[PDB]
Structure formats: structure tokens, C-alpha cells
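**Q** input37.txt (compact mmCIF, N, CA and C atoms) pasted underneath:
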# COMPACT_ATOMS: atom_id res chain seq x y z
N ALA E 1 13.10 11.11 18.34
CA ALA E 1 11.83 10.34 18.36
C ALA E 1 11.59 9.68 17.02
N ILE E 2 10.76 8.62 16.95
CA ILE E 2 10.50 7.91 15.69
C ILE E 2 9.53 8.74 14.87
N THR E 3 9.66 8.81 13.52
CA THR E 3 8.72 9.61 12.72
C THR E 3 8.64 9.11 11.29
N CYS E 4 7.46 9.11 10.63
CA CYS E 4 7.40 8.66 9.24
C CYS E 4 8.37 9.42 8.35
N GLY E 5 8.60 10.73 8.58
CA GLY E 5 9.58 11.49 7.79
C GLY E 5 10.92 10.79 7.67
N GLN E 6 11.43 10.23 8.79
CA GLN E 6 12.72 9.54 8.74
C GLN E 6 12.54 8.26 7.96
N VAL E 7 11.43 7.54 8.21
CA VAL E 7 11.23 6.25 7.56
C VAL E 7 11.11 6.44 6.05
N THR E 8 10.28 7.39 5.58
CA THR E 8 10.13 7.58 4.13
C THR E 8 11.41 8.02 3.45
N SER E 9 12.38 8.61 4.19
CA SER E 9 13.65 8.96 3.55
C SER E 9 14.33 7.68 3.11
N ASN E 10 14.45 6.67 4.00
CA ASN E 10 15.05 5.40 3.60
C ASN E 10 14.28 4.73 2.49
N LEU E 11 12.95 4.92 2.40
CA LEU E 11 12.20 4.30 1.30
C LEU E 11 12.49 4.92 -0.04
N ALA E 12 13.28 6.02 -0.17
CA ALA E 12 13.43 6.64 -1.49
C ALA E 12 13.57 5.63 -2.61
N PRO E 13 14.44 4.58 -2.56
CA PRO E 13 14.49 3.65 -3.68
C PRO E 13 13.27 2.74 -3.72
N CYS E 14 12.67 2.42 -2.55
CA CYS E 14 11.50 1.54 -2.53
C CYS E 14 10.36 2.25 -3.21
N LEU E 15 10.07 3.51 -2.81
CA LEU E 15 8.96 4.26 -3.41
C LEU E 15 8.94 4.06 -4.92
N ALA E 16 10.12 4.07 -5.58
CA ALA E 16 10.14 3.86 -7.03
C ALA E 16 9.77 2.43 -7.37
N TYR E 17 10.37 1.43 -6.68
CA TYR E 17 9.99 0.03 -6.88
C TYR E 17 8.52 -0.22 -6.61
N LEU E 18 7.94 0.42 -5.57
CA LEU E 18 6.53 0.22 -5.26
C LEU E 18 5.67 0.57 -6.46
N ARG E 19 6.05 1.59 -7.25
CA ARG E 19 5.25 1.95 -8.43
C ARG E 19 5.56 1.07 -9.63
N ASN E 20 6.30 -0.06 -9.49
CA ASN E 20 6.68 -0.86 -10.66
C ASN E 20 7.27 0.01 -11.74
N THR E 21 8.25 0.88 -11.40
CA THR E 21 8.88 1.73 -12.41
C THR E 21 10.38 1.90 -12.21
N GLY E 22 10.89 2.28 -11.02
CA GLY E 22 12.33 2.45 -10.86
C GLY E 22 12.90 1.23 -10.17
N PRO E 23 14.21 0.91 -10.30
CA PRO E 23 14.71 -0.32 -9.71
C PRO E 23 14.77 -0.26 -8.20
N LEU E 24 14.93 -1.43 -7.54
CA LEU E 24 15.05 -1.43 -6.08
C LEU E 24 16.28 -0.66 -5.67
N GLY E 25 17.44 -0.85 -6.33
CA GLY E 25 18.63 -0.12 -5.93
C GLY E 25 18.91 -0.32 -4.45
N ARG E 26 18.93 0.74 -3.62
CA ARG E 26 19.17 0.57 -2.18
C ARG E 26 17.88 0.35 -1.40
N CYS E 27 16.77 -0.13 -2.00
CA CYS E 27 15.56 -0.33 -1.20
C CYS E 27 15.85 -1.33 -0.11
N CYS E 28 16.50 -2.47 -0.44
CA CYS E 28 16.79 -3.44 0.62
C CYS E 28 17.67 -2.81 1.68
N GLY E 29 18.75 -2.09 1.31
CA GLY E 29 19.59 -1.48 2.34
C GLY E 29 18.80 -0.51 3.19
N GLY E 30 17.96 0.34 2.57
CA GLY E 30 17.15 1.26 3.35
C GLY E 30 16.27 0.49 4.31
N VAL E 31 15.50 -0.51 3.80
CA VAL E 31 14.59 -1.24 4.68
C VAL E 31 15.40 -1.94 5.75
N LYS E 32 16.48 -2.66 5.38
CA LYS E 32 17.34 -3.29 6.38
C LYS E 32 17.59 -2.35 7.54
N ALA E 33 17.91 -1.06 7.28
CA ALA E 33 18.15 -0.13 8.39
C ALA E 33 16.87 0.02 9.20
N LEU E 34 15.74 0.25 8.49
CA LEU E 34 14.47 0.46 9.18
C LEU E 34 14.20 -0.70 10.10
N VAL E 35 14.36 -1.95 9.63
CA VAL E 35 14.11 -3.14 10.46
C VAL E 35 14.62 -2.90 11.87
N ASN E 36 15.88 -2.42 12.04
CA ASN E 36 16.41 -2.20 13.39
C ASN E 36 15.56 -1.18 14.12
N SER E 37 15.17 -0.08 13.44
CA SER E 37 14.16 0.82 14.01
C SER E 37 12.77 0.32 13.71
N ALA E 38 12.54 -1.01 13.65
CA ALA E 38 11.20 -1.55 13.49
C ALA E 38 11.01 -2.85 14.25
N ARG E 39 11.68 -3.02 15.42
CA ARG E 39 11.50 -4.23 16.23
C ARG E 39 11.20 -3.99 17.70
N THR E 40 11.38 -2.79 18.30
CA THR E 40 11.01 -2.56 19.71
C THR E 40 9.51 -2.36 19.85
N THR E 41 8.64 -3.21 19.25
CA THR E 41 7.18 -3.12 19.46
C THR E 41 6.54 -1.83 18.99
N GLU E 42 6.91 -0.65 19.54
CA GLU E 42 6.31 0.60 19.08
C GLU E 42 7.07 1.09 17.86
N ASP E 43 8.42 1.19 17.91
CA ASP E 43 9.18 1.52 16.69
C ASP E 43 8.62 0.76 15.50
N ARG E 44 8.43 -0.57 15.66
CA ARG E 44 7.73 -1.36 14.65
C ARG E 44 6.41 -0.76 14.21
N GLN E 45 5.50 -0.46 15.16
CA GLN E 45 4.20 0.08 14.77
C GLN E 45 4.38 1.36 13.99
N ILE E 46 5.29 2.26 14.44
CA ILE E 46 5.48 3.51 13.71
C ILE E 46 5.88 3.21 12.28
N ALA E 47 6.87 2.33 12.07
CA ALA E 47 7.25 1.99 10.70
C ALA E 47 6.05 1.43 9.96
N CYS E 48 5.33 0.42 10.50
CA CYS E 48 4.20 -0.12 9.75
C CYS E 48 3.30 1.00 9.26
N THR E 49 2.81 1.88 10.16
CA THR E 49 1.86 2.91 9.73
C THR E 49 2.52 3.83 8.72
N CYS E 50 3.81 4.19 8.92
CA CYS E 50 4.47 5.05 7.95
C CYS E 50 4.54 4.38 6.61
N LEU E 51 4.87 3.07 6.58
CA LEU E 51 5.00 2.41 5.29
C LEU E 51 3.63 2.32 4.64
N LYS E 52 2.64 1.83 5.40
CA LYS E 52 1.26 1.80 4.90
C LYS E 52 0.93 3.14 4.30
N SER E 53 1.27 4.24 5.01
CA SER E 53 1.02 5.57 4.46
C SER E 53 1.84 5.75 3.20
N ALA E 54 3.14 5.36 3.21
CA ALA E 54 3.98 5.53 2.02
C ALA E 54 3.31 4.86 0.83
N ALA E 55 2.95 3.56 0.95
CA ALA E 55 2.25 2.90 -0.16
C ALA E 55 1.05 3.72 -0.57
N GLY E 56 0.16 4.10 0.39
CA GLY E 56 -0.99 4.92 0.02
C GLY E 56 -0.60 6.21 -0.67
N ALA E 57 0.56 6.81 -0.33
CA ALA E 57 0.99 8.04 -1.00
C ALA E 57 1.32 7.79 -2.46
N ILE E 58 1.94 6.63 -2.80
CA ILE E 58 2.37 6.39 -4.18
C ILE E 58 1.17 6.33 -5.12
N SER E 59 1.26 6.91 -6.34
CA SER E 59 0.11 6.89 -7.26
C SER E 59 -0.08 5.53 -7.89
N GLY E 60 0.76 5.12 -8.86
CA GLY E 60 0.57 3.81 -9.51
C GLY E 60 1.10 2.68 -8.65
N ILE E 61 0.69 2.60 -7.37
CA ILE E 61 1.29 1.66 -6.43
C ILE E 61 0.92 0.23 -6.73
N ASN E 62 1.90 -0.72 -6.77
CA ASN E 62 1.57 -2.12 -7.05
C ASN E 62 1.38 -2.82 -5.71
N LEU E 63 0.13 -3.19 -5.34
CA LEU E 63 -0.10 -3.73 -4.00
C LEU E 63 0.67 -5.02 -3.81
N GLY E 64 0.71 -5.92 -4.81
CA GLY E 64 1.45 -7.16 -4.64
C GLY E 64 2.91 -6.91 -4.36
N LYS E 65 3.57 -5.99 -5.10
CA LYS E 65 5.00 -5.75 -4.85
C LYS E 65 5.17 -5.09 -3.50
N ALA E 66 4.29 -4.14 -3.11
CA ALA E 66 4.36 -3.61 -1.74
C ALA E 66 4.25 -4.74 -0.75
N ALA E 67 3.18 -5.57 -0.80
CA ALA E 67 3.05 -6.63 0.21
C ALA E 67 4.22 -7.59 0.13
N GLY E 68 4.75 -7.87 -1.09
CA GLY E 68 5.92 -8.74 -1.24
C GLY E 68 7.26 -8.03 -1.16
N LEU E 69 7.31 -6.69 -0.98
CA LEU E 69 8.60 -6.01 -0.78
C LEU E 69 9.43 -6.70 0.29
N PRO E 70 9.00 -6.95 1.55
CA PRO E 70 9.93 -7.52 2.51
C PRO E 70 10.32 -8.90 2.06
N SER E 71 9.44 -9.64 1.33
CA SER E 71 9.86 -10.94 0.83
C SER E 71 10.97 -10.74 -0.18
N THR E 72 10.86 -9.69 -1.04
CA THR E 72 11.89 -9.47 -2.06
C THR E 72 13.17 -9.04 -1.37
N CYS E 73 13.09 -8.04 -0.46
CA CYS E 73 14.25 -7.68 0.36
C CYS E 73 14.18 -8.49 1.63
N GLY E 74 14.41 -9.82 1.60
CA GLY E 74 14.34 -10.63 2.82
C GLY E 74 14.69 -9.88 4.09
N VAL E 75 13.72 -9.60 4.99
CA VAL E 75 14.00 -8.86 6.23
C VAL E 75 13.17 -9.42 7.36
N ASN E 76 13.62 -9.31 8.64
CA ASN E 76 12.88 -9.94 9.74
C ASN E 76 11.84 -9.00 10.31
N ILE E 77 10.83 -8.60 9.51
CA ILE E 77 9.74 -7.77 10.04
C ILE E 77 8.52 -8.64 10.27
N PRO E 78 7.86 -8.69 11.45
CA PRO E 78 6.65 -9.51 11.57
C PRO E 78 5.42 -8.72 11.18
N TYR E 79 5.39 -8.22 9.92
CA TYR E 79 4.19 -7.58 9.38
C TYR E 79 4.41 -7.38 7.89
N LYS E 80 3.36 -7.36 7.05
CA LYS E 80 3.56 -7.26 5.60
C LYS E 80 3.44 -5.80 5.22
N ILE E 81 4.16 -5.32 4.18
CA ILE E 81 4.21 -3.88 3.91
C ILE E 81 3.07 -3.56 2.97
N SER E 82 1.84 -3.35 3.49
CA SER E 82 0.68 -3.16 2.61
C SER E 82 -0.37 -2.28 3.25
N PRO E 83 -1.12 -1.41 2.52
CA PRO E 83 -2.11 -0.58 3.19
C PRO E 83 -3.38 -1.37 3.43
N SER E 84 -3.30 -2.33 4.39
CA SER E 84 -4.47 -3.14 4.74
C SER E 84 -4.27 -3.73 6.12
N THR E 85 -3.19 -4.51 6.33
CA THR E 85 -2.92 -5.05 7.66
C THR E 85 -2.90 -3.96 8.72
N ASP E 86 -3.52 -4.17 9.90
CA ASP E 86 -3.35 -3.21 11.00
C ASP E 86 -2.04 -3.54 11.68
N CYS E 87 -1.32 -2.53 12.21
CA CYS E 87 -0.16 -2.79 13.06
C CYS E 87 -0.37 -2.40 14.51
N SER E 88 -1.17 -1.36 14.84
CA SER E 88 -1.34 -0.95 16.24
C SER E 88 -1.58 -2.10 17.19
N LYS E 89 -2.29 -3.18 16.80
CA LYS E 89 -2.54 -4.29 17.72
C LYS E 89 -1.49 -5.38 17.62
N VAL E 90 -0.29 -5.16 17.06
CA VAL E 90 0.70 -6.23 16.95
C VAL E 90 1.46 -6.35 18.26
N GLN E 91 1.42 -7.52 18.94
CA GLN E 91 2.13 -7.71 20.21
C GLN E 91 3.49 -8.32 19.96
Could you spell out this file's structure in C-alpha cells?

**A**
Amino acid sequence: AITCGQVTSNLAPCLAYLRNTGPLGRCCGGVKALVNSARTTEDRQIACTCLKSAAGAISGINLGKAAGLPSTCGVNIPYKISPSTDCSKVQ
């Protein structure tokens, strides 16, 4: 089943980039994998909420880099990675 636990494991390098402190490293590769588990409508919603939660979990989180993370790691996700956009209503 889909779960934030699996999603946050791939974010390990992103979590550091989100805080404007550690390099992206494999953040793009991790997210790239998630994208595939983030396009069947619900899989997508699970990732959005998990990521939103991930950003909210980070302490010195940079909202601009979070929202611009998928732009930095060019990926085909139809939602921005930020604790603000809702995903449950994404069709």
C-alpha cells in the first residue's frame, strides 16, 4: 500500500536541501522514483500530503525551495511541493 513512510525515505537527500543546508545529491533521483508512485490520482494525493507533511516536519524549511523543488528537479508532477496547496481535490 502507499504510505508517507516510503515516500519520506526517498526524500532523504531532499529533506536536507529543503532546509537550505545539505546538497540535493540524489533528491532528483528519489523524487523521480516517487513521480511514478505519484501519478495514479490517489498515489499522487498520498505523495502530495506526505511531502507537505515532510516540509512541515523540517525545522529551518525554505518554503521557496520546497515549492521550487520539482522545478529544480524537473519532474512531471501536477502539484507544487509546499505546505499550502491542497491535493485531495486534484482530479

**Q** Please return, as a ChimeraX atom specification, all residues of chain E that DSSP assigns to alpha helix (DSSP H) on the basis of the backbone.

**A** /E:4-10,12-18,27-36,42-57,63-72

**Q** Using all atoms listed in the file, which protein or nucleic acid residues come within 8 Å of residue 25 in chain E? Drop anything in the same chain fewer than 5 positions from it, and give the result as a ChimeraX atom specification.

**A** /E:13-14,17,30

**Q** Residues at most 8 Å from range 37-39 of chain E, counting only N, CA and C atoms, excluding those fewer than 4 positions away in the same chain, as number ranges by chain?

**A** E: 31-33, 43-48, 76-78

**Q** Atom N of residue 62 in chain E and CA of residue 40 in chain E are how many Å apart?

**A** 28.1 Å

**Q** Go through E:50, E:88, E:72, E:80 one by one, measure the shortest atom-to-atom distance of each to residue 28 in chain E using only N, CA and C atoms, and give the residue with the smallest value.

**A**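 Checking each of E:50, E:88, E:72, E:80 against residue 28 in chain E, counting only N, CA and C atoms, the winner is E:72.
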
**Q** What does the structure give for the distance between atom N of residue 75 in chain E and atom N of residue 60 in chain E, in Å to one decimal?

**A** 24.0 Å

**Q** If I take atom N of residue 18 in chain E and atom N of residue 66 in chain E, how far is one from the other in Å, to one decimal?

**A**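 Result for atom N of residue 18 in chain E versus atom N of residue 66 in chain E: 6.3 Å, one decimal.
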
**Q** Specify the axis-aligned box that encloses all atoms of range 36-54 of chain E listed in the file after padding of 5 Å on each side, stating its centre and edge lengths in Å to one decimal as JSON.

**A**
{"center_x": 8.7, "center_y": 0.8, "center_z": 10.3, "size_x": 25.5, "size_y": 20.0, "size_z": 29.0}

**Q** Calculated over only C-alpha atoms, which of the candidates E:81, E:23, E:16, E:9 has the smallest distance to residue 53 in chain E?

**A**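 Between E:81, E:23, E:16, E:9, the residue approaching residue 53 in chain E most closely is E:81.
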
**Q** Find the residue from E:69, E:27, E:86, E:74 that sits nearest to residue 8 in chain E; use only C-alpha atoms when measuring.

**A**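 The shortest atom-to-atom distance to residue 8 in chain E comes from E:27.
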
**Q** Neighbours of residue 15 in chain E within 8 Å (only C-alpha atoms; same-chain residues fewer than 3 positions away dropped), as a count of residues only?

**A** 7

**Q** Between E:34, E:67, E:73, E:57, which residue has the minimum interatomic distance to residue 2 in chain E, considering only C-alpha atoms?

**A**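 Selected residue with least distance to residue 2 in chain E: E:34.
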